[PDB]
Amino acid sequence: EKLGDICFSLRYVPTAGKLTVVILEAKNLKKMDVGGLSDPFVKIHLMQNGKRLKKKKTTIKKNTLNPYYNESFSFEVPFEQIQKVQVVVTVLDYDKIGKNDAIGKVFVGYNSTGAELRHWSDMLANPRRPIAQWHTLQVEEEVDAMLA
């Protein structure tokens, strides 16, 4: 059972120092509820050098492995700093009681690789243009080890 995939857009406006992330949809999420599906929501963190700088989150979708969000988030990152940050996208299962367990996550930006680096590079190369791309979710343990 794969963890799932997430589709989001990135847009960077260098003059304004405006970094926009639109969480579009996730698919094929791992089932997190016993005898059910999942109740997924998404967190978006701006990081640098192992520090959480800013945190944003989507609404919760109930009883789905294939949630649509279409929710936009913006961060202030000046052009002198944009190459030095990470944007971390985490899908979690909401439970009314207990910690919300991460399904999986990915990050783009400084120290990203593969399709994550490709997405970030495309954003940087195309100022003011939103670029949507799919990403495979990865186990929290591994991504956090990269980010710490």
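The first residue of the shown sequence is 1; numbering continues from there.
Taking the mean C-alpha B-factor of each stretch as recorded, 95-103 and 28-36 are not equal, and the higher mean is that of 28-36. Across the two stretches, 109-117 and 48-56, the PDB entry reports the greater mean Cα temperature factor for 48-56. In the PDB entry, a CA B factor belonging to the highest third of its chain's modelled residues is recorded for residue 128. When the CA B factors of the chain's modelled residues are split into thirds, the value for residue 7 lands in the lowest one. Looking at the C-alpha B-factors along this chain, the one for residue 144 belongs to the middle third. Among the modelled residues of the chain, residue 13 sits in the middle third by CA temperature factor in this PDB entry. Among the modelled residues of its chain, residue 83 has a C-alpha B-factor that falls in the highest third, as given in the PDB entry.
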